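Colleague: Fold the following, please.
(2 chains, ligands or ions: 2)
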Protein chains: 2
Amino acid sequence: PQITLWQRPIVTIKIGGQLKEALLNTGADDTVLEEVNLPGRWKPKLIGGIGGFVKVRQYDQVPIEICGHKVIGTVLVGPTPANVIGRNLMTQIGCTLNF
Amino acid sequence: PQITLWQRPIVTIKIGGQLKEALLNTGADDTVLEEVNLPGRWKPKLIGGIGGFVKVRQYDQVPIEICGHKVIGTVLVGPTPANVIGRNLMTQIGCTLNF
Ligand code: NA
Ligand code: NA
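Modeller: Numbers count the residues shown, from 1 in each chain, chains lettered A, B, ... in the order given. Ligands and ions are numbered 1, 2, ... in the order given. Structure data below:
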């Protein structure tokens, strides 16, 4: 797709057998989603940092689908004010900024 | 330009007679810049909100140039961990996400 930016670029993702909404966020290094159950091994990761860090679970090589594009990448699962698709998954779907 | 997302999309902007660096951030509604002096009238704006709000100065209709694109838009001036170009100025330069 071509997504303009007059509104927040919220898209549907498919992951963990669920449909979720998440913000395409070029200001986010990583993808962080709340309330998804992913299988298998994970490792703790500290994110944030201003005022302290938040611990999340890092899952690697997770299959996820974003607007018809099936890709694989790291998903952080943990509390987040809003679900976020970061640059790590945008590179996998071939998402660019253009002007 | 076509900007990939393997690295943070930091661009140079010209504003308030200075060259500054700022992040193209589709997850930010607004543009917030630190240590720029803009002339004329402004009004306070509260931004943020998680744990409390931050007060900044809102300047309207500010001329700013982003990668040689001269546009006009609102600039918030105040403390920010990183300078950010939000969606308000990305729409003015005709920036879209594409995949
Ligand atoms: Na990844
Ligand atoms: Na604006």
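
Colleague: And the strands in chain A?
Modeller: Secondary structure of chain A (DSSP state E): strands at A:2-3, A:10-15, A:18-24, A:32-33, A:43-49, A:52-66, A:69-77, A:84-85, A:96-98.

Colleague: And for the residue nearest to residue A:21 when sequence neighbours are not counted, the neighbour number?
Modeller: Excluding the flanking residues, the one nearest residue A:21 by C-beta to C-beta, 6 or more residues apart in numbering or on different chains is residue A:10, at 5.4 Å. Placement of C-beta: from N, CA and C, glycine included. Neighbour count of residue A:10, defined by other C-beta atoms under 10 Å in any protein chain shown: 13.

Colleague: where does residue A:67 fall, phi/psi-wise?
Modeller: Phi and psi for residue A:67, reported as degrees, to the nearest 10, are phi 40, psi 60.

Colleague: Just confirm yes or no for stretch A:32-44 near ligand 1.
Modeller: No. Judged by C-beta under 5 Å from the ion, stretch A:32-44 and ligand 1 are separated, with a smallest distance of 12.3 Å.

Colleague: Check the offset of that stretch from the chain's centre.
Modeller: 12 Å (C-alpha atoms, centre = their mean, to the nearest Å).

Colleague: export that stretch as PDB, just CAs?
Modeller: As requested, the backbone C-alpha atoms of stretch A:32-44 are provided in PDB (Å, rounded to 0.1, in the frame of the first residue of the first chain):
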ATOM      1  CA  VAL A  32       6.200  -4.200  21.000                       C
ATOM      2  CA  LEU A  33       2.700  -5.800  21.300                       C
ATOM      3  CA  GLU A  34       0.500  -6.400  24.400                       C
ATOM      4  CA  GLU A  35      -1.600  -9.400  25.100                       C
ATOM      5  CA  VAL A  36      -0.400 -12.000  22.600                       C
ATOM      6  CA  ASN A  37       0.600 -15.500  23.600                       C
ATOM      7  CA  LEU A  38       3.600 -16.700  21.600                       C
ATOM      8  CA  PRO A  39       5.000 -20.200  21.900                       C
ATOM      9  CA  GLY A  40       8.500 -21.300  22.800                       C
ATOM     10  CA  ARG A  41      11.600 -19.800  24.200                       C
ATOM     11  CA  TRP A  42      12.100 -16.100  24.900                       C
ATOM     12  CA  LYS A  43      14.600 -14.000  26.700                       C
ATOM     13  CA  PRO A  44      14.000 -10.900  28.900                       C
END
